[PDB]
Amino acid sequence: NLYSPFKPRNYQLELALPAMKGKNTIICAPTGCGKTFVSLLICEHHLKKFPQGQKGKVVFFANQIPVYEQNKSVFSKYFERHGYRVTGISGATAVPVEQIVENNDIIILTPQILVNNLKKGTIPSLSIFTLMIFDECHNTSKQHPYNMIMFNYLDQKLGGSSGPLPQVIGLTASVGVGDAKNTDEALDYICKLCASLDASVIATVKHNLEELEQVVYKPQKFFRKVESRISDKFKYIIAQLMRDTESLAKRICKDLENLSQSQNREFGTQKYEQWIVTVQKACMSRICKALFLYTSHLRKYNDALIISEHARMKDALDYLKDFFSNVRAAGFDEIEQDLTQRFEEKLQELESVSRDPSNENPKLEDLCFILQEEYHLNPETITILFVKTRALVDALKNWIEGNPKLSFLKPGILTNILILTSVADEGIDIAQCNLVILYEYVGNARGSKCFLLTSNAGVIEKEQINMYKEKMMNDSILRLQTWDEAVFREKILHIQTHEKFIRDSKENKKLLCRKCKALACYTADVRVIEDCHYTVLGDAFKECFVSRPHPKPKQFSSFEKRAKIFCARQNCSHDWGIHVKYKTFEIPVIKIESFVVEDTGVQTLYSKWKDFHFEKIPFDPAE
RNA sequence: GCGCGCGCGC
RNA sequence: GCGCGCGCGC
Ligand SMILES: Nc1ncnc2c1ncn2[C@@H]1O[C@H](COP(=O)(O)OP(=O)(O)O)[C@@H](O)[C@H]1O
Ligand SMILES: [Mg+2]
Ligand SMILES: [Zn+2]
């Protein structure tokens with residue numbers, strides 16, 4: 001483990017070396033190579049290299065609290081006995097941050113803290129650090145805190161404000177190629193990433209690949225394009241029942257066709273789900289009793305279509321049978337009883353169609369073949385099966401557990417047993433199964449295999465693209481590691497210079513409750529807090545919201561979130577944002593996303609306050 | 001509250 | 001830019 005002595009593997013000594021030579025280096029190695037151990041050695045070498053009377057200072061960035069706590073503990077245990085001072089700062093920690101940094105040798109930060117401390121000038125300069133280590137360093141792009149930090153660095157390095165600058169090291173399992181759709185674009189993307197981190201070296205394992213390849217998941221991948229049914233006669237009944245039920249809806253809500261942005265919805269697809277969502281979440285109520293009821297049936301049909309597509313009709317029908325038993329046993333409406341009657345007409349035709357052997361799903365025999373072959377070769381195979389939807393998980397399970405040909409299988413659903421069906425995972429650990437099947441899923445011990453099983457050309461094309469994107473990546477790195485370093489440094493510098501040139505480049509309005517459209521406040525009543533937070537003055541506003549005190553509060557920078565504020569109109573109770581304590585003031589704080597803006601009385605819906613270009617008046621203590 | 005990143009769809 | 005969501009930070 002990470003808390004115990006380790007002999008470094010040969011390839012770890014191999015990856016540590018550029019860093020140990022003082023080079024700004026991106027260390028790129030697959031998950032589970034031991035990136036914590038490499039960074040431990042690098043850090044160890046960095047602080048020991050200093051002559052007596054001199055002292056390094058290391059900062060290590062973690063992007064998340066759990067990772068932050070893991071390394072704070074690993075680094076502490078590891079540098080016991082050297083006598084180094086070791087602490088961390090995170091949101092939970094909040095403190096003389098300048099002095100915490102000054103009086104410690106190893107600091108673990110989430111990076112936003114350092115961004116906050118640079119901007120405010122509490123930490124005047126990155127020059128206090130002699131080494132900076134970025135975990136998951138591929139995040140150094142695009143406004144990520146890691147980039148903000150590096151913009152500070154680069155502004156110094158390029159403004160000749162000197163000031164020695166810390167060595168910079170990054171760790172990642174994959175440098176990425178971004179949007180790249182060719183080698184040149186891939187080379188460009190990776191070069192841009194090295195520019196952003198001032199990296200002149202990319203370290204990969206070369207001399208010890210066989211030693212590495214002895215402990216990194218790399219299954220032989222397999223594309224298996226298959227053919228669908230010749231004719232889903234089950235879909236043709238369900239689709240009519242679906243057309244029939246949209247009709248009934250369009251009765252009780254005319255112009256249904258307009259509520260969503262999602263256009264040309266097709267039955268039995270992911271979109272149709274999204275359309276149902278972008279409609280169950282609209283209206284704006286005794287009519288959305290009838291509507292939610294109609295859309296919740298169009299959902300059960302949509303689901304069933306998907307089960308039929310990748311599993312057997314029986315599996316889809318059963319999910320429809322089980323559903324219509326629950327509705328009748330719950331109680332009968334004249335709308336819940338109609339749909340159910342509507343269904344009951346076709347029931348005899350569906351049950352007939354379901355059991356017709358020529359209606360069987362050919363993709364399932366293909367799944368069976370795969371599972372057979374392997375379990376013949378390696379009978380001790382433990383498998384993991386990823387499927388498209390939650391209903392499919394149960395469908396496939398049911399199908400395995402009822403199939404004479406797969407009796408050697410013992411299935412389990414997740415989030416002993418010999419094959420595992422699911423939609424996602426953690427933990428998990430795919431490398432700990434010898435067989436992974438992706439059964440029509442948009443995704444990604446030695447002798448392990450991965451199979452991709454689909455009748456969709458699209459789905460095969462996604463994996464081909466992902467794979468090519470990975471090849472372009474490694475090819476690009478191999479090319480770049482051949483450059484003389486001075487030539488690379490010179491390419492990097494001008495990417496950095498260009499980047500930096502770019503960085504260097506009132507009437508009153510109503511705010512209404514999005515749900516019930518009640519007048520909430522006017523804009524000349526709004527005040528800004530710091531620059532990013534919106535509060536509404538006056539006592540009149542206090543009556544127009546209620547609040548529910550959040551028993552678990554969070555201490556943020558500007559203030560403390562103590563309560564959630566909900567709409568005051570009882571038939572609504574809409575989420576409006578929060579109520580805070582800000583410098584002895586009990587003030588409310590609102591998200592514009594909760595509200596509707598009005599000028600001829602024209603409604604406009606904003607997501608981010610940064611869009612609304614109204615007159616922003618800042619807070620005044622006394623008013 | 002705000003900020004950051006990802007994925008899908010127009 | 002718009003829609004839906006998912007993860008995470010202060
Ligand atoms: N030289 C080594 N000696 C013994 N165990 C190691 C060595 N290198 C890595 N490991 C093991 O492999 C695991 C991989 O963890 P970590 O180093 O965090 O992987 P990652 O490369 O994904 O960061 C470590 O927790 C450790 O238990
Ligand atoms: Mg790591
Ligand atoms: Zn309301």
Side-chain angles (χ1 to χ4, degrees), chain A residues 61-69 88-94 97 109-120 135-149 151 174 176 178 258-260 262-266 269 271-279 282 388 423-424 426 441 443-444 458-459 462 466 526-529 531-536 545 547 550 553 555-565 575-580 582 587-595 604-607 609 611 616 619:
Chain A
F61 301 110
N63 276 317
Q64 312 135 256
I65 299 302
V67 166
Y68 155 90
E69 301 279 346
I89 312 181
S90 73
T93 341
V97 36
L109 301 181
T110 53
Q112 184 62 49
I113 289 110
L114 182 66
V115 173
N116 286 352
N117 276 286
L118 286 149
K119 174 196 160 292
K120 288 277 73 206
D135 186 48
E136 296 329 277
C137 69
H138 54 272
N139 291 295
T140 312
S141 67
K142 259 199 198 207
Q143 296 321 113
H144 194 272
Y146 275 8
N147 229 7
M148 301 305 281
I149 289 165
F151 297 164
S174 167
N258 271 340
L259 279 59
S260 181
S262 297
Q263 224 89 4
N264 297 297
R265 60 217 161 92
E266 294 179 333
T269 64
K271 262 210 176 133
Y272 205 82
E273 254 311 326
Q274 305 305 255
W275 177 83
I276 287 173
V277 177
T278 57
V279 155
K388 219 160 116 180
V423 218
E426 200 87 36
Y441 180 118
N444 43 74
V459 165
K462 249 115 227 284
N466 280 1
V526 187
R527 294 298 177 275
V528 209
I529 295 280
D531 291 75
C532 292
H533 308 288
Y534 296 77
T535 186
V536 186
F545 74 80
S547 53
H550 212 279
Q555 190 178 239
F556 305 139
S557 269
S558 295
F559 36 55
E560 205 165 54
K561 158 170 171 151
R562 311 202 304 196
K564 285 298 302 171
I565 68 159
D575 212 1
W576 285 19
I578 56 159
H579 199 93
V580 299
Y582 166 78
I587 62 168
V589 173
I590 41 158
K591 45 195 189 85
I592 186 57
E593 50 178 352
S594 281
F595 303 84
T604 315
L605 322 184
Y606 295 89
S607 258
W609 272 110
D611 314 316
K616 303 172 168 187
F619 190 84

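Letters go in sequence order (proteins before strands), and every chain restarts at 1.
Listed here is the closest heavy atom pair of A/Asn63 and A/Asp135: ND2-O, 3.8 Å. Shortest non-hydrogen contact noted between A/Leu109 and A/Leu114 is CD1-CB, 3.8 Å.
One atom, CG of A/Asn444, and another, P of B/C6, lie 16 Å apart when rounded to the nearest Å. Look at NE2 on A/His144: it is 13 Å from P on C/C8, rounded to the nearest Å. Separating the CG atom of A/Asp135 from the P atom of C/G9 is a distance of 14 Å, rounded to the nearest angstrom. Taking atom OH of residue A/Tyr146 and atom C1' of nucleotide B/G5, one finds them 12 Å apart after rounding to whole Å. Taking atom CG of A/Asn139 as the reference point, atom P of B/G5 lies 10 Å away to the nearest angstrom. With rounding to whole Å, A/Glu426 atom CD is found 12 Å from C/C8 atom P. To the nearest angstrom, P of B/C2 lies 16 Å from NE2 of A/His579. The NZ-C1' distance, from A/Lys591 to B/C2, rounds to 12 Å in whole Å.
Taking the side chain of A/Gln64 as heavy atoms from C-beta on, and the options C/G9, B/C2, C/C10, the nearest nucleotide is C/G9. Side-chain atoms of A/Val277 lie closest to C/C4 of the nucleotides B/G5, B/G1, C/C4. Here the nucleotide nearest the side chain of A/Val589, chosen from C/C10, B/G5, B/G1, is B/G1. Distance from the side chain of A/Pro145 is smallest to B/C4 among B/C2, B/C4, B/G5. Nearest nucleotide to the A/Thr278 side chain, out of C/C10, B/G1, C/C4: C/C4. When distances run from any side-chain atom of A/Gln112 to the nucleotides C/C10, B/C2, B/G5, the shortest one goes to C/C10.
Using cut-offs of 30° and 60° for the angle between ring planes, the A/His533 and A/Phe559 rings count as perpendicular. Aromatic ring pairs are classed by plane angle as parallel below 30°, tilted from 30° to 60° and perpendicular above 60°; the pair A/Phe545 and A/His579 is tilted.
Remark: B/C6 base-pairs with C/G5; criterion is Watson-Crick or G-U wobble with both hydrogen-bond distances under 3.5 Å.
Counting non-hydrogen atoms under 4.0 angstrom, A/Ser141 reaches nothing in the nucleic acid.
For A/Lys561 and C/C10, the shortest distance from a side-chain N or O to OP1 or OP2 is not below 4.0 Å. Contact between the side-chain N/O atoms of A/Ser260 and the OP1/OP2 oxygens of C/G3 is not found at any separation under 4.0 Å. OP1 or OP2 of C/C4 has not a single side-chain nitrogen or oxygen of A/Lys271 nearer than 4.0 Å.
Of the possible polar contacts, one joining the A/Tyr146 side chain to the A/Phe61 backbone as a donor-acceptor pair under 3.5 Å is found.
Here A/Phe556 lies parallel enough and close enough to stack on the base of B/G1, with planes under 30° and ring centres under 5.5 Å apart.
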